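In structure tokens, the next block holds one chain alone, the form deposited in one PDB entry.
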């Protein structure tokens, strides 16, 4: 396991999302679902001008896997995925510009639900999650697991867990009081209301 520090502005954003009073937390699902859709758009394209990219799985989709036992909600996509570099730089250093653009817009009329407009929508996961684990596999690199419970740092290690083919799974280890996001009808409700017209199939797994 390697340990890295969040660039100071990214750390300030995460303390903000984690510590600000905002009751409309359900937007986090919309924001993960959009990120997934974007990454699937990206492998779709890269496969037109190259059909070998789908050698790692031709199905382009999004699965929603709640788990009451583990108290996790996992969003999985068969999108482009991230290489070691994307994972490290994106998540922990390069969101610097967007966070500034976002925090600069909050103290200027914006509200938290506008986070994705500045490309930092991933961090809205900290509204319901105490820990986020990201599993990713890029055609060009091996499988990685990124993790953070905030606190100014994150970890990157090689993923021992089952291979996924190509894609990303964001595992949200929910806060004690947000278990309603492990509920079929509640997930169904947020998707219908927020992600109704996503161009890839969204499957909500059932428990047991």
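What we label the rigid core is the largest C-alpha set whose atoms superpose within 1.5 Å from one form to the other. Positions refer to the first chain, counted from 1.
A.B. asks: Highest mean C-alpha temperature factor of the two stretches 34-42 and 158-166, which is it?
C.D. replies: Between 34-42 and 158-166, it is 158-166 that shows the higher mean C-alpha B-factor.
A.B. asks: Averaging only over Cα atoms, indicate whether 124-132 or 109-117 has the higher B-factor in the PDB entry.
C.D. replies: Between 109-117 and 124-132, it is 109-117 that shows the higher mean C-alpha B-factor.
A.B. asks: Can you tell me which of 89, 78, 83, 74 has the highest Cα temperature factor in the record?
C.D. replies: Within the set 89, 78, 83, 74, 89 shows the top C-alpha B-factor.
A.B. asks: Would you mind finding, among 143, 63, 67, 49, the residue with the largest C-alpha temperature factor in the entry?
C.D. replies: Of the options given, 49 has the highest CA B-factor in the PDB entry.
A.B. asks: Thinking about Cα B factors across the chain, which third does residue 137 belong to?
C.D. replies: It falls in the bottom third of the chain.
A.B. asks: Can you work out whether the C-alpha temperature factor of residue 54 puts it in the lowest, middle or highest third of the chain?
C.D. replies: As the PDB entry reports it, the C-alpha B-factor of residue 54 lands in the highest third of its chain.
A.B. asks: Split into thirds by Cα B-factor across the chain's modelled residues, where does residue 147 land: lowest, middle or highest?
C.D. replies: Tercile = lowest for this residue's CA B-factor.
A.B. asks: Lowest, middle or highest third of the chain for the C-alpha temperature factor of residue 19?
C.D. replies: Answer is highest: the recorded C-alpha B-factor places it there.
Form deposited in another entry: not shown, discussed below.
A.B. asks: For the core superposition between this form and the one not shown, please identify the residue among 75, 91, 134, 128 whose CA shift reaches 2 Å or more.
C.D. replies: Shifted by 2 Å or more: 91 only.
A.B. asks: Fitting the rigid core first, would the Cα of residue 186 be found 2 Å or more away between this form and the one not shown?
C.D. replies: No, because once the rigid core is superposed, the C-alpha of residue 186 moves less than 2 Å between this form and the one not shown.
A.B. asks: Taking the rigid core as the superposition reference, indicate whether the CA of residue 24 shifts 2 angstroms or more between this form and the one not shown.
C.D. replies: Moves: no, less than 2 Å.
A.B. asks: For residue 195, is the CA shift between this form and the one not shown at least 2 Å following rigid-core superposition?
C.D. replies: Where the cores coincide, residue 195 still shows a C-alpha shift between this form and the one not shown that is 2 Å or more.
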